[PDB]
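Residue numbers (this note's numbering), protein chains in the order written: chain C, 13 to 244; chain B, 13 to 244. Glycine included, each C-beta is placed from N, C-alpha and C at the ideal position. The structure appears below as structure tokens.
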Ligand SMILES: O=C[C@H](O)[C@H](O)[C@H](O)COP(=O)(O)O
Ligand SMILES: O=C[C@H](O)[C@H](O)[C@H](O)COP(=O)(O)O
């Protein structure tokens with residue numbers, strides 16, 4: 013059987029909607045990630061939306077898509093707890109540590125994930141790697157610190173690339189910050205690197221979700237969906 | 013002899029200008045803090061400004077004051093290194109760990125301090141405490157995370173108070189964020205607490221300068237200026 017990457021993303025989006033229906037009680041609020049795979053989950057969740065109160069969203073794009081389906085979106089400050097957060101990843105390793113932030117809303121994703129009891133990572137097989145780092149690591153930085161943080165990254169052998177828009181000017185996040193996409197790191201200890209980068213003044217968020225990684229991953233392969241589980 | 017708090021701030025500002033003239037070579041760029049004590053330093057530095065190229069500033073207010081003295085202000089991205097950063101503190105303990113952020117520009121102060129080789133804390137005697145925490149600890153937070161971070165702080169017995177302007181609406185920082193001023197913590201291990209809070213998604217900066225604390229403190233007492241030194 014031949015499945016394209018888009019078909020594998022649909023498979024895991026549907027599998028995640030089933031995970032929610034199987035594990036999350038009626039009336040719950042669902043934490044919703046960002047990106048192409050998450051969008052497949054949103055479409056699948058829409059089919060069962062009547063059993064849930066609504067969602068907490070990790071991005072402007074996700075909020076727009078949820079709303080296009082008539083799903084209620086709650087600001088996180090309104091919500092005392094979340095059982096589940098379903099999101100994609102740019103990469104995931106054997107420990108369930110992830111690189112995220114390749115697209116929008118690095119910071120928001122990490123915040124929603126921090127509240128949710130269970131992080132369900134949905135990804136096609138190409139996202140599972142032996143060692144994180146070949147996908148550039150996003151670091152959200154206060155602009156005044158751009159060069160200071162870049163030098164710290166270069167000291168580690170990292171190649172920091174300021175994220176730019178089509179028009180060549182700096183991408184700016186929702187909180188008025190820049191992103192350095194860092195290439196050339198071979199991240200054998202993601203929890204340790206996460207703590208080190210979080211300790212640098214001027215860093216807002218680092219796209220290593222490792223101290224709080226995936227609890228499970230629904231992985232869409234050419235032979236079907238695999239369910240991978242990880243320890244806290 | 014009787015000295016007011018304002019007179020003690022002037023004493024340490026002047027002492028810091030002498031520290032700079034004694035230790036920092038002609039042509040250097042000086043890192044400049046924020047607040048009332050820092051403003052005394054700015055006024056004293058202005059008297060010797062012809063021997064220095066200019067300054068890197070930690071706040072809008074500081075930049076305005078430097079400029080009022082005809083001191084050139086460089087954006088930090090223009091500057092490869094800084095020998096010294098002179099700034100106040102809301103509190104400083106025996107290890108030279110500080111609480112800062114009580115006034116403006118928590119994040120900027122911490123960034124400039126991170127680049128400077130030597131942090132000179134200027135403070136009157138009332139700032140030296142046995143244990144940090146009676147001055148509320150500022151935590152800069154992404155607004156979506158306000159309640160999530162507040163709950164983590166309450167778990168520690170902290171009383172998180174959203175910072176408000178005179179008009180009662182939330183103070184917003186330069187990076188579009190809120191500040192929680194946290195009361196009731198008794199911070200016996202500031203480096204550990206700093207790392208814990210820096211590890212929470214939604215935290216931008218925490219006003220514990222502990223992993224990188226003061227290298228020395230010029231402390232203005234009723235018996236004169238004391239010079240205190242601390243280890244990295
Ligand atoms: O910043 C975007 C998110 O972290 C996404 O979850 C990640 O980039 C994966 O997106 P996709 O499923 O489109 O590969
Ligand atoms: O956010 C303001 C700074 O951290 C100051 O350095 C601190 O608040 C001390 O200011 P002051 O010298 O006015 O007491």
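Review point. Roughly how many whole angstroms lie between the Cα atoms of residue 196 (chain C) and residue 159 (chain B)?
Key: On the first chain, residue 196 (chain C) is found 184 positions in, with the first residue counted as 1. On the second chain, residue 159 (chain B) is found 147 positions in, with the first residue counted as 1. Here the C-alpha atom of residue 196 (chain C) lies approximately 36 angstroms from the C-alpha atom of residue 159 (chain B).
Check your understanding: Within 8 angstroms: the Cβ of residue 137 (chain B) and any heavy atom of ligand 2?
Key -> Locating residue 137 (chain B) in the second chain gives position 125, where the first residue counts as 1. No, Cβ of residue 137 (chain B) sits at least 8 angstroms from all heavy atoms of ligand 2.
Exercise for review: Compile a chain-ordered list of the residues in the stretch 190 to 212 of chain C whose CB is closer than 9 angstroms to at least one CB of chain B.
Suggested key: 206, 207, 210, 211 and 212
Exercise for review: Report buried or exposed for residue 193 (chain B), applying the criterion of at least 16 other Cβ atoms within 10 angstroms of its Cβ.
Suggested key: One-based indexing of the second chain puts residue 193 (chain B) at position 181. The residue is buried, with at least 16 neighbouring Cβ atoms inside 10 Å.
Practice item. May I have a chain-ordered list of the alpha helix (DSSP H) segments no shorter than 4 residues that lie completely inside the stretch 62 to 136 of chain B? Key: 72 to 80 and 118 to 127
Exercise for review: Taking only beta-carbon positions, decide if residue 107 (chain C) is within less than 9 angstroms of chain B.
Suggested key: Reading the first chain from its first residue, position 95 is the one you call residue 107 (chain C). By this cut-off, residue 107 (chain C) is not an interface position.
Check your understanding: Taking 9 angstroms as the CB-CB limit, is residue 122 (chain B) close to chain C?
Key -> Within the second chain, the letter at position 110 stands for residue 122 (chain B). So, interface residue.
Check your understanding: Closest to residue 189 (chain B) by CA distance: which of C:119, C:81 and C:65 is it?
Key -> Here residue 189 (chain B) is taken as the residue at index 177 of the second chain, counted from 1. Of the listed residues, the one whose Cα sits closest to residue 189 (chain B) is C:119.
Review point. Under 9 angstroms between C-beta atoms, does residue 88 (chain B) make it to chain C?
Key: Counting from 1 along the second chain, the entry for residue 88 (chain B) is found at position 76. Cβ-Cβ to chain C under 9 angstroms: yes for residue 88 (chain B).
Check your understanding: Is the stretch 103 to 119 of chain B touching the stretch 155 to 172 of chain B, taking contact as three or more C-beta pairs under 8 angstroms?
Key -> In the pairwise beta carbon analysis, the stretch 103 to 119 of chain B is classified as not touching the stretch 155 to 172 of chain B: fewer than three pairs are separated by under 8 angstroms.
Check your understanding: What residues from the stretch 216 to 229 of chain B come within 7 angstroms of chain C, judged by C-beta to C-beta, listed N to C?
Key -> 216, 217 and 223
Check your understanding: Taking only beta-carbon atoms, is residue 214 (chain B) less than 9 angstroms away from chain C?
Key -> The residue labelled residue 214 (chain B) in the question sits at position 202 within the second chain. So, interface residue.
Check your understanding: Does the beta carbon of residue 150 (chain B) fall short of 8 angstroms from some heavy atom of ligand 2?
Key -> Numbered from 1 along the second chain, position 138 holds the residue referred to as residue 150 (chain B). The answer is yes for residue 150 (chain B).
Review point. What do you reckon, are the CB atoms on residue 185 (chain C) and residue 216 (chain C) nearer than 9 angstroms?
Key: The count along the first chain starts at 1 and reaches residue 185 (chain C) at position 173. The count along the first chain starts at 1 and reaches residue 216 (chain C) at position 204. Closer than 9 angstroms, so yes.
Practice item. From the DSSP output, in three-state form, read off residue 23 (chain B) for me. Key: One-based indexing of the second chain puts residue 23 (chain B) at position 11. Under the three-state reduction of DSSP, residue 23 (chain B) is assigned to helix.
Review point. Using the rule of at least 16 other Cβ atoms within 10 Å of the residue's Cβ for burial, across every protein chain shown, is residue 103 (chain B) buried or exposed?
Key: Locating residue 103 (chain B) in the second chain gives position 91, where the first residue counts as 1. It counts as buried.
Exercise for review: State yes or no: is the beta carbon of residue 110 (chain C) nearer than 9 angstroms to at least one beta carbon in chain B?
Suggested key: Here residue 110 (chain C) refers to the residue found at position 98 of the first chain. No, residue 110 (chain C) lies away from the interface with chain B (no Cβ there is under 9 angstroms from its Cβ).
Exercise for review: Assign residue 72 (chain B) to one of two classes, buried (16 or more other C-beta atoms within 10 Å of its C-beta) or exposed (fewer than that).
Suggested key: The residue labelled residue 72 (chain B) in the question sits at position 60 within the second chain. By the neighbour-count rule (16 or more Cβ atoms within 10 Å), residue 72 (chain B) is not buried but exposed.
Exercise for review: Provide the residue span of the alpha helix (DSSP H) that contains residue 49 (chain B), from first to last.
Suggested key: Looking up residue 49 (chain B) in the second chain gives position 37. Taken as a continuous stretch (DSSP letters only), the alpha helix (DSSP H) holding residue 49 (chain B) covers 48 to 58.
Check your understanding: Quick one: which chain B residues come within Cβ less than 7 angstroms of residue 188 (chain C)?
Key -> On the first chain, residue 188 (chain C) is found 176 positions in, with the first residue counted as 1. The contacting residues are 187 and 188.
Review point. Is the beta carbon of residue 232 (chain C) less than 9 angstroms from the beta carbon of residue 157 (chain C)?
Key: On the first chain, position 220 is the one that residue 232 (chain C) refers to. On the first chain, position 145 is the one that residue 157 (chain C) refers to. Contact: no.
Check your understanding: Do the stretch 224 to 240 of chain C and the stretch 17 to 33 of chain B touch if we need at least three Cβ pairs shorter than 8 angstroms?
Key -> Segments in contact, no.
Review point. Residues of chain C with a CB under 8 angstroms from the CB of residue 75 (chain B): which are they?
Key: Mapped onto the second chain, residue 75 (chain B) falls at position 63. Result: empty, since nearest Cβ-Cβ is about 12 angstroms, beyond 8 angstroms.
Practice item. With residue 172 (chain C) as the anchor, note down where its beta strand (DSSP E) starts and where it stops. Key: In the first chain, the residue the question calls residue 172 (chain C) occupies position 160. Residues 171 to 174.
Check your understanding: For a contact meaning CB atoms closer than 9 angstroms, what does residue 143 (chain B) contact in chain C?
Key -> Looking up residue 143 (chain B) in the second chain gives position 131. Simply none; closest approach about 22 angstroms.
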